[PDB]
Amino acid sequence: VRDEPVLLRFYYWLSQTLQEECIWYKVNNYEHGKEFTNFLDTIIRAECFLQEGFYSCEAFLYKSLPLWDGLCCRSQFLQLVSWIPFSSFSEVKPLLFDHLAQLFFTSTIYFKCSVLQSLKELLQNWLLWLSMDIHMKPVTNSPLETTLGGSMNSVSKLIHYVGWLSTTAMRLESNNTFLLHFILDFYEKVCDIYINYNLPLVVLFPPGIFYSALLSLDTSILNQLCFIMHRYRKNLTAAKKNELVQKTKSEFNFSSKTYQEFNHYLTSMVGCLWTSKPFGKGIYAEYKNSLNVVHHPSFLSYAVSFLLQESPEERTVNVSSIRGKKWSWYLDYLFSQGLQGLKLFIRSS
Amino acid sequence: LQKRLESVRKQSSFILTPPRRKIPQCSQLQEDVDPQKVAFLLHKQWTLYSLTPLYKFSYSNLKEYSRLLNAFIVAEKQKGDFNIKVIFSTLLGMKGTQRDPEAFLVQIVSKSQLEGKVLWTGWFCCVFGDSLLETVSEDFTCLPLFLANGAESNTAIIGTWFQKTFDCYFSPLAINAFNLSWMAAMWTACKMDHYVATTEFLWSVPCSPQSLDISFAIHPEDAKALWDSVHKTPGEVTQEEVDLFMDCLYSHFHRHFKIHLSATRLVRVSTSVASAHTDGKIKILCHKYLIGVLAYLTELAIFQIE
Amino acid sequence: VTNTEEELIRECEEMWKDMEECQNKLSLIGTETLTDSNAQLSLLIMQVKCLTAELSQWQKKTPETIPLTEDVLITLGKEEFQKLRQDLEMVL
Amino acid sequence: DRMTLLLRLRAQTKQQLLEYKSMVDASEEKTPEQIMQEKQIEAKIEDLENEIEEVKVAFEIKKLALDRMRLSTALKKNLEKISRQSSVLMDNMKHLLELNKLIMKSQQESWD
Amino acid sequence: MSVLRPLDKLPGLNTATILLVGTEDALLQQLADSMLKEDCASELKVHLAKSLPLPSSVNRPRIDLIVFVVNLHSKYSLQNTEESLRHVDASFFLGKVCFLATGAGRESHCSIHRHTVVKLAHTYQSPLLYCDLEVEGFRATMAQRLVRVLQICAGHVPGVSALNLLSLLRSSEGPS
């Protein structure tokens with residue numbers, strides 16, 4: 001039902017419910033805060049069942065984000081910002097993104113992980129509405145490339161702001177892997193935009209995230225870095241097929257600055273793994289073999305365990321002679337542990 | 001709906017009050033305004049509430065709504081003879097803007113078991129509330145401000161009936177102590193050539209376990225000669241005129257008792273025009289400047305909704 | 001470990017002489033207050049002078065060859081492995 | 001553990017020396033002051049913070065690359081010869097590979 | 001003399017400080033006691049002040065952070081703060097001055113406007129935060145928030161400077 005006075009009377013009730021019966025307007029009762037926590041559990045199941053946020057709920061967060069400190073039912077407040085519908089980028093940033101960034105760089109790292117879990121669900125429901133807004137509108141006889149182009153810079157400045165939030169908060173905690181798992185889970189939502197949502201825009205991240213994940217001490221961050229860069233190849237070469245069809249009409253074109261930047265990402269990561277030349281342009285007696293597949297310290301746990309399972313009566317340790325026939329036996333042990341993203345990357349790129 | 005969007009962004013931003021305001025005009029009572037009705041509205045104790053705009057409200061269905069209200073408030077006293085009867089009286093000519101809806105009166109008048117004694121008085125109004133009129137539809141009737149006279153238990157059993165019929169909700173109104181200083185400066189900006197009361201202020205010290213009150217009285221001929229030395233630009237009441245008027249009243253208190261009252265909290269302003277309190281208690285003592293105060297109360301009543 | 005301690009004592013001694021030379025050049029600059037009438041102009045024009053002041057300094061600094069040989073990076077690596085083990089328990 | 005104290009006070013003394021040298025270069029180097037609008041001044045603020053963010057991520061990624069190459073050669077010379085710390089280092093690598101195998105299976109099931 | 005500058009002498013060796021400026025003596029003492037509960041790797045030295053200009057003391061260290069705890073229920077906390085930011089240097093305003101407006105949870109008994117402290121922070125280029133220090137659960141969120149500002153202003157992290165804190169705490173309305 002898309003009737004007008006049945007939605008305005010629901011706006012007039014629940015805006016008065018969140019204003020009078022809030023937390024800081026009371027005399028600090030723990031029993032009324034439990035009922036306010038139980039009332040917000042009704043709201044987060046109603047916004048997910050409707051798949052649009054209410055107009056009362058985003059109006060309350062316009063007045064509560066200057067008045068919120070970072071605790072006192074944090075998990076019910078960061079899921080209230082997760083199901084806000086789509087608006088312009090210039091309206092959100094004085095009311096939300098200024099008051100989010102005053103609390104993001106200053107609170108604890110469990111708050112810093114819970115912002116990016118909220119923004120990856122915000123990137124779910126905004127791209128879900130934009131994937132089907134093209135389909136349900138045959139009404140306007142004007143072309144929609146100004147409206148999709150006006151929605152292009154609204155979401156590309158969204159990801160480059162949270163990408164500016166990600167490469168600055170890495171410097172705050174000085175390379176902790178626990179934040180680095182949830183940065184690459186946010187770009188899992190980015191790299192499935194043409195296959196699953198059919199949106200012709202490919203955005204990329206600045207390389208402070210890239211060499212902090214390539215030189216990380218973790219195997220699962222290196223698997224998810226090879227998962228997203230495998231998805232970035234299949235998104236861009238299918239956009240090259242989108243550029244090849246739309247060249248005759250000159251409508252859906254991409255700039256040449258994202259093709260030369262993507263060549264800088266692919267050449268520098270195979271020099272640290274396969275080509276054994278780690279010094280490139282971003283990075284400037286075994287310095288040519290200090291960074292390899294078998295010479296990386298996260299895969300060095302698999303490199304010690306490969307020589308123990310071959311012969312457990314060892315006397316010397318020789319990890320540099322793993323070439324040829326037992327190099328394929330070394331890749332058979334790494335593929336059996338659950339490195340499926342590195343298996344699909346080596347057979348394509 | 002698009003003008004509902006533009007009213008949020010003024011409330012979402014920090015700016016909601018203009019620094020240069022207009023001195024209120026002399027509201028002359030017209031021939032359409034009833035003189036015998038506005039004398040009953042004066043010298044009464046009132047409790048303010050804010051209300052969302054109503055649904056399916058008609059001016060010809062008041063006879064059915066008078067019989068449903070008289071069958072329910074007798075029944076709410078039986079769940080916990082009554083010779084009471086409500087009167088829905090409509091008033092005319094109070095509006096200054098033609099796009100405002102008509103205000104009306106709700107009384108409870110007891111019958112004659114021997115005019116009856118009025119036990120409760122409700123009043124719905126909208127005086128210069130033009131900012132909320134384009135944010136509603138034409139089906140909605142926009143009466144944000146409500147004033148009640150009587151007990152709070154009689155307010156809740158009739159306020160239950162507006163929740164279950166007109167799809168609305170009553171909220172308590174509160175005026176900040178910053179906003180008492182502007183309406184005290186508006187009451188000293190008035191023009192008078194008649195019998196006047198005394199300007200009464202009261203502050204409360206927050207840094208005490210107990211209550212500490214100071215009664216403070218200013219003669220209004222002394223307040224008028226203090227005002228025009230500060231007021232130098234005529235026609236407008238500015239931001240710097242009120243804040244220097246409150247500072248010289250604080251510096252007059254400072255050279256005698258050495259107590260800074262600027263750390264305290266102003267809670268009661270009572271002048272020759274009207275008396276005010278922060279929880280919604282008002283006593284209007286003037287009929288010439290009636291709608292100038294009531295438009296300022298609807299200036300705050302839209303702000304608690306939005 | 002003792003000789004790499006006293007190298008890091010001596011390298012932190014010579015940059016302690018660098019900052020007190022910069023402290024004696026900074027004490028010549030006196031007092032500069034701020035009024036209310038020109039506060040938006042006297043804070044944003046000097047920020048153009050402030051952001052230019054490290055634009056030459058972040059480009060002058062090379063990737064610094066920090067001299068460390070043995071038995072510091074092994075003990076810091078086991079402290080890194082002890083915090084990596086607690087981080088993969090919390091992310092699980 | 002005194003070497004973390006030496007590295008933390010060395011990084012603190014380097015940060016204090018760098019902000020003191022930027023304060024001396026702010027006090028001694030000047031710009032030509034003209035009558036300008038505000039939006040061109042904040043456009044210079046956002047362009048200078050983008051350029052200083054680019055050179056700070058350049059210095060951070062080159063210093064982190066030098067640190068990971070020194071840690072890779074330090075772990076290579078560590079695990080070249082069998083020492084007495086191997087009896088807990090092998091157990092730590094076995095616990096890290098089992099926790100990483102659990103994170104691989106959780107990531108695959110969560111993605112599907 | 002009676003002037004203040006953030007750079008005259010030496011800070012020390014892993015030792016920072018904070019200058020709590022306010023009019024209330026019982027409200028800022030509970031904020032000073034709650035910062036010692038959250039432990040860190042630096043020695044904390046909380047200074048309590050009434051109003052600027054300070055008396056000429058010679059045993060003062062280098063000041064890393066001055067916060068101005070104003071009250072929204074009091075004009076006396078605002079008029080002393082207006083006399084406090086006259087005797088300051090312009091090098092304090094490069095990310096080393098934070099504001100705290102107490103009394104933001106009670107929007108029924110408030111005594112100064114919310115737009116006034118925004119306009120006070122817009123012309124002076126300072127970040128503005130709102131918190132209520134009457135709640136012990138809200139005060140520990142505030143006492144966590146004073147430590148991570150003080151880790152930036154003392155230079156305890158690599159790469160983030162004091163003017164990097166000013167660029168992250170910007171506030172500007174939308175130009176559309």
# chains A, B, ... in the order shown; residues from 1 in each chain; ligands from 1
$ interface_residues --of "chain C" --to "chain A" --cutoff "10 Å" --atoms "only C-alpha atoms" --output "VMD selection string"
chain C and resid 63 80 to 81 83 to 84 86 to 91
$ interface_residues --of "chain A" --to "chain E" --cutoff "7 Å" --atoms "only C-alpha atoms" --output "mmCIF file with N, CA and C atoms, in the first residue's frame"
data_model
loop_
_atom_site.group_PDB
_atom_site.id
_atom_site.type_symbol
_atom_site.label_atom_id
_atom_site.label_comp_id
_atom_site.auth_asym_id
_atom_site.auth_seq_id
_atom_site.Cartn_x
_atom_site.Cartn_y
_atom_site.Cartn_z
ATOM 1 N N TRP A 24 18.361 9.469 27.319
ATOM 2 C CA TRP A 24 18.877 10.603 28.079
ATOM 3 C C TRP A 24 17.807 11.608 28.497
ATOM 4 N N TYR A 25 16.551 11.424 28.094
ATOM 5 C CA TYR A 25 15.455 12.258 28.573
ATOM 6 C C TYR A 25 14.836 11.740 29.866
ATOM 7 N N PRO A 66 24.648 14.047 17.030
ATOM 8 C CA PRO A 66 25.416 14.931 17.930
ATOM 9 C C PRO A 66 25.288 14.589 19.409
ATOM 10 N N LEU A 67 24.227 13.902 19.833
ATOM 11 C CA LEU A 67 23.976 13.661 21.248
ATOM 12 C C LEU A 67 24.402 12.271 21.709
ATOM 13 N N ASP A 69 27.429 9.286 22.388
ATOM 14 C CA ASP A 69 28.827 9.245 22.798
ATOM 15 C C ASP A 69 29.592 8.017 22.313
ATOM 16 N N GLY A 70 28.944 6.860 22.191
ATOM 17 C CA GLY A 70 29.595 5.652 21.704
ATOM 18 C C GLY A 70 29.268 4.380 22.464
ATOM 19 N N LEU A 71 28.472 4.449 23.529
ATOM 20 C CA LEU A 71 28.078 3.292 24.330
ATOM 21 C C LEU A 71 26.574 3.359 24.565
ATOM 22 N N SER A 90 25.584 14.849 -0.531
ATOM 23 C CA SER A 90 25.842 16.120 0.139
ATOM 24 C C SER A 90 24.895 16.378 1.307
ATOM 25 N N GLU A 91 23.820 15.599 1.436
ATOM 26 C CA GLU A 91 22.901 15.757 2.556
ATOM 27 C C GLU A 91 23.303 14.884 3.740
ATOM 28 N N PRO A 94 26.946 16.334 6.333
ATOM 29 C CA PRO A 94 27.000 17.172 7.543
ATOM 30 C C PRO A 94 26.231 16.585 8.716
ATOM 31 N N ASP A 98 30.041 13.574 9.347
ATOM 32 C CA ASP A 98 30.865 14.388 10.236
ATOM 33 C C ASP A 98 30.767 13.892 11.672
ATOM 34 N N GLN A 102 33.783 11.887 14.072
ATOM 35 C CA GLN A 102 34.210 12.372 15.379
ATOM 36 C C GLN A 102 34.257 11.260 16.421
ATOM 37 N N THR A 106 38.249 7.897 17.553
ATOM 38 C CA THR A 106 38.523 8.224 18.941
ATOM 39 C C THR A 106 38.035 7.152 19.914
ATOM 40 N N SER A 107 37.078 6.319 19.521
ATOM 41 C CA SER A 107 36.595 5.246 20.374
ATOM 42 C C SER A 107 37.477 4.004 20.218
ATOM 43 N N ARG A 171 46.618 3.588 10.307
ATOM 44 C CA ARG A 171 47.738 4.312 10.896
ATOM 45 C C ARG A 171 47.540 4.544 12.396
ATOM 46 N N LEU A 172 46.287 4.554 12.863
ATOM 47 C CA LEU A 172 45.965 4.749 14.277
ATOM 48 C C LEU A 172 46.356 3.545 15.131
#
$ residues_around --residues "segment 12-28 of chain C" --least-positions-apart "3" --cutoff "10 Å" --atoms "only C-alpha atoms" --output "PyMOL selection string"
(chain C and resi 6-9+31) or (chain D and resi 6-7+9-11+13-14+16-21+23-24+27-28) or (chain E and resi 7-10)
$ write_last_selection --atoms "N, CA, C and O atoms" --output "short mmCIF file (atom, residue, chain, number, x, y, z; two decimals), in the first residue's frame"
data_model
loop_
_atom_site.label_atom_id
_atom_site.label_comp_id
_atom_site.auth_asym_id
_atom_site.auth_seq_id
_atom_site.Cartn_x
_atom_site.Cartn_y
_atom_site.Cartn_z
N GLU C 6 72.91 0.42 23.19
CA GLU C 6 73.70 1.65 23.32
C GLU C 6 73.84 2.39 22.00
O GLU C 6 74.18 3.58 21.99
N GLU C 7 73.61 1.70 20.87
CA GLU C 7 73.45 2.40 19.60
C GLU C 7 72.13 3.17 19.58
O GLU C 7 72.08 4.31 19.09
N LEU C 8 71.07 2.59 20.14
CA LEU C 8 69.79 3.29 20.19
C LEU C 8 69.73 4.31 21.33
O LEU C 8 68.85 5.18 21.33
N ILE C 9 70.64 4.22 22.30
CA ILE C 9 70.83 5.31 23.24
C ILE C 9 71.50 6.50 22.54
O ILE C 9 71.04 7.64 22.67
N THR C 31 54.68 36.35 21.43
CA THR C 31 53.26 36.12 21.68
C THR C 31 52.44 36.67 20.52
O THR C 31 52.75 37.74 19.98
N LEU D 6 62.87 1.16 23.77
CA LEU D 6 63.77 1.93 22.91
C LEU D 6 63.14 2.28 21.56
O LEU D 6 63.27 3.41 21.09
N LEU D 7 62.39 1.33 20.97
CA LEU D 7 61.71 1.62 19.70
C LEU D 7 60.52 2.56 19.87
O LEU D 7 60.29 3.42 19.00
N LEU D 9 60.13 4.92 22.40
CA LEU D 9 60.68 6.24 22.66
C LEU D 9 61.43 6.82 21.46
O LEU D 9 61.45 8.04 21.31
N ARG D 10 61.98 5.97 20.58
CA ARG D 10 62.61 6.46 19.35
C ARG D 10 61.57 6.97 18.36
O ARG D 10 61.77 8.02 17.73
N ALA D 11 60.43 6.27 18.24
CA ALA D 11 59.34 6.73 17.38
C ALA D 11 58.64 7.96 17.96
O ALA D 11 58.22 8.84 17.19
N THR D 13 60.22 10.24 19.89
CA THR D 13 61.19 11.32 19.72
C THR D 13 61.28 11.76 18.26
O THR D 13 61.44 12.96 17.99
N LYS D 14 61.10 10.82 17.32
CA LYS D 14 61.03 11.15 15.90
C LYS D 14 59.76 11.93 15.54
O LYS D 14 59.83 12.88 14.75
N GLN D 16 58.00 13.86 17.75
CA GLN D 16 58.17 15.17 18.37
C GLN D 16 59.18 16.05 17.63
O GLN D 16 58.95 17.25 17.49
N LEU D 17 60.26 15.45 17.11
CA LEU D 17 61.25 16.19 16.32
C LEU D 17 60.69 16.61 14.97
O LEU D 17 60.99 17.72 14.50
N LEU D 18 59.83 15.78 14.37
CA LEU D 18 59.20 16.13 13.10
C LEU D 18 58.15 17.23 13.26
O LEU D 18 58.07 18.14 12.42
N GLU D 19 57.38 17.20 14.36
CA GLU D 19 56.41 18.28 14.56
C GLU D 19 57.07 19.57 15.04
O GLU D 19 56.57 20.66 14.73
N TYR D 20 58.22 19.48 15.73
CA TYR D 20 58.99 20.67 16.07
C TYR D 20 59.64 21.30 14.84
O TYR D 20 59.67 22.53 14.71
N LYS D 21 60.13 20.46 13.91
CA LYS D 21 60.73 20.97 12.69
C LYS D 21 59.68 21.54 11.73
O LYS D 21 59.94 22.53 11.04
N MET D 23 56.96 22.99 12.95
CA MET D 23 56.59 24.25 13.59
C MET D 23 57.63 25.35 13.35
O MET D 23 57.25 26.52 13.16
N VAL D 24 58.92 24.99 13.29
CA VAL D 24 59.97 25.94 12.93
C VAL D 24 59.87 26.35 11.46
O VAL D 24 59.99 27.54 11.12
N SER D 27 57.01 28.75 11.28
CA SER D 27 57.35 30.06 11.82
C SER D 27 58.35 30.83 10.96
O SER D 27 58.42 32.06 11.07
N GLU D 28 59.13 30.15 10.12
CA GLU D 28 60.19 30.82 9.37
C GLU D 28 59.90 30.97 7.88
O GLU D 28 60.54 31.81 7.24
N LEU E 7 54.43 25.34 23.28
CA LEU E 7 55.79 24.94 22.93
C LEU E 7 56.79 25.94 23.47
O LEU E 7 57.17 26.90 22.79
N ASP E 8 57.25 25.71 24.70
CA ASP E 8 58.28 26.54 25.29
C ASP E 8 59.38 25.66 25.86
O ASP E 8 60.57 25.95 25.70
N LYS E 9 58.99 24.56 26.50
CA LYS E 9 59.90 23.67 27.22
C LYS E 9 59.76 22.24 26.68
O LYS E 9 59.10 22.00 25.67
N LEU E 10 60.42 21.28 27.38
CA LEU E 10 60.43 19.86 27.06
C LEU E 10 59.20 19.16 27.64
O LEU E 10 58.72 19.53 28.71
#
$ closest_atom_pairs --of "chain C" --to "chain E" --cutoff "7 Å" --atoms "only C-alpha atoms" --output "Markdown table"
| residue | atom | partner | partner_atom | distance |
| --- | --- | --- | --- | --- |
| C:27 | CA | E:8 | CA | 6.4 |
| C:31 | CA | E:89 | CA | 6.9 |
| C:32 | CA | E:89 | CA | 5.6 |
| C:33 | CA | E:89 | CA | 5.2 |
| C:34 | CA | E:86 | CA | 6.2 |
| C:35 | CA | E:86 | CA | 6.5 |
| C:39 | CA | E:123 | CA | 6.0 |
| C:40 | CA | E:123 | CA | 5.3 |
| C:43 | CA | E:90 | CA | 7.0 |
$ interface_residues --of "chain D" --to "chain C" --cutoff "7 Å" --atoms "only C-alpha atoms" --output "MDAnalysis selection string"
chainID D and resid 3 6 10 17 20:22 24:26 30:31 48 52 55 59 62:63 71 74 96 99 103
